[PDB]
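A.B. asks: Experimental structure below, sequence on top.
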Amino acid sequence: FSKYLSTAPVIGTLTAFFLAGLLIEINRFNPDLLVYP
Amino acid sequence: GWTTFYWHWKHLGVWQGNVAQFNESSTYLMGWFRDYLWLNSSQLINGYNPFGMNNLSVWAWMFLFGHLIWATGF
Amino acid sequence: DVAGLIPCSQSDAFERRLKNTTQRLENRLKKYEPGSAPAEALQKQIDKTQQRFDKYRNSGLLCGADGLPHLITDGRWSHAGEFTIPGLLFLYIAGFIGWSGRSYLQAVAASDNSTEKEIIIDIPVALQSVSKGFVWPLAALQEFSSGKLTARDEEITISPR
Amino acid sequence: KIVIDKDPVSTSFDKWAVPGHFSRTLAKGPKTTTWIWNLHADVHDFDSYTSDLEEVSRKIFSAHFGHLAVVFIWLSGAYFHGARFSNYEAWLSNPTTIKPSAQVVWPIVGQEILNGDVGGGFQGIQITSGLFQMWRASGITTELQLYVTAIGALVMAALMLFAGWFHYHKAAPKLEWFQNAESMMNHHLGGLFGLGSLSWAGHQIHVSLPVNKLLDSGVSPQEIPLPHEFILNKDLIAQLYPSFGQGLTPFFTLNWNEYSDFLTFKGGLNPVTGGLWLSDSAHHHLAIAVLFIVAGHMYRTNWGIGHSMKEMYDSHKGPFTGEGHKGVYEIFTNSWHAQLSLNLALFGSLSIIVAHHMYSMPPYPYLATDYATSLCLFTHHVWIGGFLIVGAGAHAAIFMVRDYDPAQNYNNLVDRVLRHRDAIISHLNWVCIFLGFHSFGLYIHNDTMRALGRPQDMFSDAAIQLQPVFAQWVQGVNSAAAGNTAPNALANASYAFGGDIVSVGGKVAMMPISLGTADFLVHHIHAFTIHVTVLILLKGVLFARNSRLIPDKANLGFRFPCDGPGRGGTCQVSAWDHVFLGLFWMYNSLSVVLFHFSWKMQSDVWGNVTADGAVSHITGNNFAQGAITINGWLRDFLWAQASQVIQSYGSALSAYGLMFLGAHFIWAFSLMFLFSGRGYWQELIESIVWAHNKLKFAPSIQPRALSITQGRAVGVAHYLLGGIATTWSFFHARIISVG
Amino acid sequence: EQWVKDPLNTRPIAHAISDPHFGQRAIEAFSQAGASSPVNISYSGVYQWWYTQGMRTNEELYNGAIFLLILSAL
Amino acid sequence: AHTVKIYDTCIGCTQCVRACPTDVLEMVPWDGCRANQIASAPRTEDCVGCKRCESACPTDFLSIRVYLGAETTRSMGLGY
Amino acid sequence: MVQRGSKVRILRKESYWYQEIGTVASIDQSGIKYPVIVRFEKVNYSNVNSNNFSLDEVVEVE
Amino acid sequence: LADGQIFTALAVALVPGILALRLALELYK
Amino acid sequence: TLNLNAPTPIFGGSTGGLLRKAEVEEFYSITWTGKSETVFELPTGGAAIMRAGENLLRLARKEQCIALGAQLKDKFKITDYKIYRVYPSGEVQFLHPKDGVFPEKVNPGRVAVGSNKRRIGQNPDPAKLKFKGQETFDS
Ligand code: CLA
Ligand code: CLA
Ligand code: CLA
């Protein structure tokens, strides 16, 4: 079953998921990261 | 187009002495759309209408003329 | 004091945004119930504009006659946090995306059938390939000096003339 | 007879690792990057690889169940979000002021101004899909009922998806079961369509009619009894329209006039709600029930009687038609593509009728005066309706290349259409050009006489009049039918033909849409652009096999980019390029229909009525003397009514203004693909794959350009997405503000 | 000649308008800049170029027009 | 008419000849080995320039090449 | 002299595979010109992998 | 301007009348 | 030899075929013998019927008499077809098969017209034939 997870589009969205998932919690955590403090 | 759009819009504010309009609206594209294209077409588009016409009817006809012949190329 | 902007802790320009942010939302909050669920979405909202402005008053931002913090990239160390320190944060992650596929497509093309291995993203190779991509500011320096980063111009396919 | 193969293919995750396992050339591996685009096109193109007419059908029978599932998932998504994230329970208390809101936004980086002050005690995006008026019509009062539907849909969503597994991977039917069209029409008219409206009559009388008659009096949403209480309590229901004390006994002695109280022919608008009287729609769906059930005992089955369609088409042949419909039954049992084209045409054309019959006869309470929604179900179903007709033109052409057989079809009607196909097209070519001159050229005449200041020379009402006398006689005879030819109707079929205006709240539900010189002028533009969209699509179907230019276009396939620059050039000779070409014309055909509709209602029909009795409309009756020229169409419609979409910044409409720019972006991006070609963009890869070979990391899948058709297909797919979503954003942020 | 006397407020005239298709209101709107015939307001800036160069009167222009006819004639 | 040239890299596969929609090409005996065959264009006056031929040559760079030239009624494929 | 099973480079400058590595397949050991049948790792535009080259057109990177 | 000079410059433009034709039909040849 | 008139297949139709060019210049014809009574798509519309025949049909152009044969031989296994191009208003009878054998097959006696004894990058440059009437791609 896990060989289906290795294919191109499922890994082109689940790594697109957590990477977009990282930007979104850190903005909810730390709003307006405009300048390096 | 981008060059003349910039030169034209900037000079409009500069000549009427209100550079603040360009300075703040040109940093986002909606300013180039709402405060430049839509705003400045008030007179041009009213060259003729159901109540009469004026000395801009030629330019108004030409403006539409250009749009029609722009699209014909497509 | 580099392009004609006040450090806007003293400005009447940056402060004439705060009132008509908080007066727009209080006039959106007046007709609510004080114990409603949208009301905390309009009390915390002004607080979200309040943490933002009191992050900007302290950081030494140069706000113009509008009240907008403008950026100055000639990069001096007095304004280095605006572009330069998010620049070095960019490039170090960018080579991690740079070298990972670079170390992957060296490691699958040196196998039997790499044409399949672009479809299938091989965790036996991809976790092996980011392990080469973590030393990417050190690996490429000893890859160019050892010459095995580029190739000579009769290896690379040349369109005719 | 029902004959089955039991489990022809089992449950394996092993074929999921091989993409292109369905096919032959793609179950070997990619060598270029177009193999991804070679794959992802012909996935659901089922007769491209499969040769077995029975096995190609079993895939389609399974995949429809999955498509039945995804609507049910999407339906539950409407029904779930209708309970938790909606102001629905508050909206039933007050339907006039509070806007229907769902899809609440999360409180994050700045989209929390999209949860604006909509009403009730609520913050969300004001929606315009009309589920609130579809649940108020359905009888929904509590928010629990919206929850149990969603799980009640989700179990049907799961039951449909299991049934697609059960009928291909477990129990695959055979082709002799599939080809039984006569028994299929018997059931689909009988079971699906007969018992469709009967069961909805079974809903609407016992459930919708009590609790919607009470809300016209409007006692309370809480103080209306639950829908199961009108079957248990015999006294509670017979308080209103008291025929339930007589029970089913007038229905069983054929004394049906005792139900003149809930099963009626009122026929107007319910003046408190502006919608159709739900008493009538109960009698409608009851008459639709008996009409469709007796429609379903018509075709032949294994009980001897019935009409058999192979017998009916034969002996429907005349002297101007030769063999007539000989073999045309043999087409529609032997070709899915011939079925899909005819199924698509009358499915899209059906939905444009839905868009027309819903703004002039508003079916729902408080949908008519809510101008946010009564517009958006016109223009959506029109937009769906044009895309299906283009799909009807596509699969009609696919039938011609791959499925049409001149061996069976000698001297019959597909033969005699193909044997006069120039006389069709060249007379269609003439009536296209004749219509463009005498409709659009009447605007260019009207543009100039206003530009030259000669309003005595333009075509207007105070000028050379072009009066629509046929559409005013039809509008007359339909408005004078309640009492002469439809006596038992109280008022007319609609208030759009004639009669008094109706108001709900302070806004007009319906008023007679009048047709003058400016309405004649636009209705021929519709007639023009429809005939061109026919002409592109009809020529694609007819010349799909051959022409004078290429005699073997049938050999080159349905979707081949060109035959090269020979014969002066043969770029876009294929039938697919005709469907590609007709897509913009359908974009042009429909977007002016919406521009006709959304402007005619705001200036003439919709608006605010005084408590004195007259109506001041929204854009102020400008459609008479302004809509006859392009400059009036540009100023007083496009420039003027977009003043609220670009001033949307800082408000809860500010997501619409981004999309109104965001769709202007994608539409520009599509021009890059239509105006360019392949052999430029291929040779820019050659310099760039040089550079990726230069640093010793080159992909083993070598990159290539997109195929020319895929360059064409992405050029139209971003054109429509850039063009419709502009109109989607314009129509939203106009009518949410001024309505 | 009218322009030289007051470069500020006089609208430069390009040339006369003789378009048979014009209507009654088409004459009055294009009879602008104080003219009694319909004309087009010039916008090429040729007036400001010719002024600096030294032409001042209507016959100095005609002397310029004839000169290019001769220069083209050779 | 169009010019159709046949280069000496032909491998006598016959693919080109069987691709021409107007029968402009034919295979002819080759003398460099007296066993293989090369394509020839004896009827270039009928070449429409469709380029179906060049799409059939298997060799990495064409053995048969179509250079569009003077257009005529025959080459334009006019039934009229 | 080039034998079968060798890696080459390409001096045919009118080709797609020009100055790329090819692993040859066979030599026609009779007098027919351009006899070096060179298979490649990469495929061309019109989807072929091998081609006849001359013995004067192939090299001996080995 | 004048009235005779208007007719005069019309006669000056006749000098590019026949000469521009003579430039053309010889550049044709 | 054409044998005009050979009996045409029983057709009755087709707005799309053999118009006014055929009565001013150069129409075409194809001859074959039908070994059944089977039906076939014409290049005009689709049907005729193959006779016993002697089966002749005045088509429009060369391309339609060639594409008919590549449709005849595959479907109906008949490789006897003998195309023409007409007398007075046309040019050459018997345009295919020109050798009597099919010219996709190889045959002794043919001429190698239009052969360049080089490679295509081995053609001369158009910078080298400036104001010279020698064609660049020609030997
Ligand atoms: C009634 C339902 C229906 C069904 C079952 C089919 C079925 C088929 N169509 Mg038909 N057709 C239909 C309606 C239908 N069509 C409609 C409504 C149109 C008008 C657009 C067409 C026009 C059409 C053309 C022009 C062609 C087909 C073709 C096909 C065949 C293969 C298609 C495929 O595998 O695509 C797989 C799916 C994709 C490639 C999806 C890619 C994305 C598409 C192009 C746009 C999606 C836009 C998206 C919804 C907008 C949101 C954007 C956001 C996601 C970013 C298959 C038989 C093809 C064929 O060759 O038949 C022999 C073909 O060329 N159809
Ligand atoms: C015979 C045509 C017909 C018409 C005009 C209506 C009309 C209505 N339906 Mg009903 N319904 C019908 C049959 C019909 N129904 C059938 C066959 C079913 C089972 C599938 C249903 C199941 C159903 C449900 C579950 C609901 C409705 C509702 C409604 C009302 C909402 C508006 C609408 O649906 O658009 C009008 C639609 C059309 C104009 C297109 C008609 C489509 C059918 C298939 C046409 C059949 C062809 C017919 C013989 C010839 C007419 C051709 C053309 C003129 C339409 C409206 C009174 C809703 C309601 O209760 O509102 C209060 C609702 O919730 N209907
Ligand atoms: C706005 C730009 C534009 C215009 C004017 C046209 C015009 C036309 N298209 Mg085209 N089309 C367009 C964009 C446009 N298209 C685009 C963008 C596409 C890409 C999708 C196409 C794709 C397309 C296809 C696929 C087809 C057309 C066809 C047509 C013709 C339709 C019949 C007709 O109305 O004739 C009458 C002409 C007009 C209405 C043009 C305006 C003429 C004015 C009003 C009168 C002229 C005034 C004056 C006498 C002019 C001369 C003055 C001078 C001598 C002094 C028409 C010439 C169809 C066709 O050819 O059918 C026969 C057809 O099948 N077009």
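C.D. replies: Arrived safely, thanks for sending. Numbering: from 1, shown residues only, chains lettered A, B, ... in the order given. Ligands and ions are numbered 1, 2, ... in the order given.
A.B. asks: Residue of chain E nearest chain D, please.
C.D. replies: Scanning chain E for the residue nearest chain D gives residue E:25, at 3.4 Å (criterion: CB to the nearest CB). Placement of C-beta: from N, CA and C, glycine included.
A.B. asks: Assign a three-state SS to that residue, would you?
C.D. replies: At residue E:25 the chain is in helix, as set by DSSP: H, G, I helix; E, B strand; the rest coil.
A.B. asks: Spit out the contact partners of the residue nearest to it when sequence neighbours are not counted.
C.D. replies: Excluding its sequence neighbours, the residue lying closest to residue E:25 (CB to CB, 6 or more residues apart in numbering or on different chains) is residue D:453, at 3.4 Å. When contacts are counted by CB atoms under 8 Å, 6 or more residues apart in numbering or on different chains, residue D:453 touches B:48, B:52-53, B:57, E:22-26, E:29.
A.B. asks: who's in contact with the residue of chain I found nearest chain C?
C.D. replies: Nearest residue of chain I to chain C (CB to the nearest CB) works out as residue I:121 at 6.3 Å. For residue I:121, the contact set (CB under 8 Å, 6+ apart) comprises C:160, G:12-14.
A.B. asks: how about a cut-off of 7 Å?
C.D. replies: C:160, G:13-14 (CB atoms under 7 Å, 6 or more residues apart in numbering or on different chains).
A.B. asks: could I get those as a markdown table with distance to residue D:337 and neighbour count?
C.D. replies: Listed next are those as a markdown table, based on distance: CB to CB, whole Å; neighbours: other CB atoms under 10 Å in any protein chain shown:
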| residue | distance to residue D:337 | neighbour count |
| --- | --- | --- |
| C:160 | 45 | 11 |
| G:13 | 48 | 15 |
| G:14 | 44 | 15 |
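A.B. asks: In the stretch 151-300 of chain D, what residue comes closest to chain E?
C.D. replies: Taking CB to the nearest CB, chain E has its nearest neighbour within the stretch 151-300 of chain D at residue D:274, 45.1 Å off.
A.B. asks: Tell me, how many residues neighbour that residue?
C.D. replies: 25 (other CB atoms under 10 Å in any protein chain shown).
A.B. asks: ditto for residue A:36
C.D. replies: 15.
A.B. asks: and it, which of the three is it?
C.D. replies: Classification of residue A:36 by three-state DSSP places it in coil.
A.B. asks: Next, find the distance separating the nearest residue to residue G:39 once chain neighbours are set aside from chain E.
C.D. replies: Excluding its sequence neighbours, the residue lying closest to residue G:39 (CB to CB, 6+ apart) is residue G:50, at 4.4 Å. In this view, residue G:50 and chain E are 67 Å apart by CB to the nearest CB, to the nearest Å.
A.B. asks: Now the residue of chain I closest to chain C: which helix or strand?
C.D. replies: Using DSSP states H and E, residue I:121 sits within no helix or strand.
A.B. asks: quick one: contacts for the residue of chain C at minimum distance from chain I?
C.D. replies: The minimum distance from chain C to chain I, using CB to the nearest CB, falls at residue C:160 (6.3 Å). Taking CB under 7 Å, 6+ apart, we find residue C:160 in contact with G:13-14, G:18, I:121.
A.B. asks: Could you list every helix and strand in contact with the strand or helix carrying residue D:449?
C.D. replies: Using DSSP H and E, residue D:449 sits in helix D:441-451. Judged by 3 or more CB pairs under 7 Å, 6 or more residues apart in numbering or on different chains; DSSP states H and E, helix D:441-451 is in contact with helix B:57-73, helix D:630-633.
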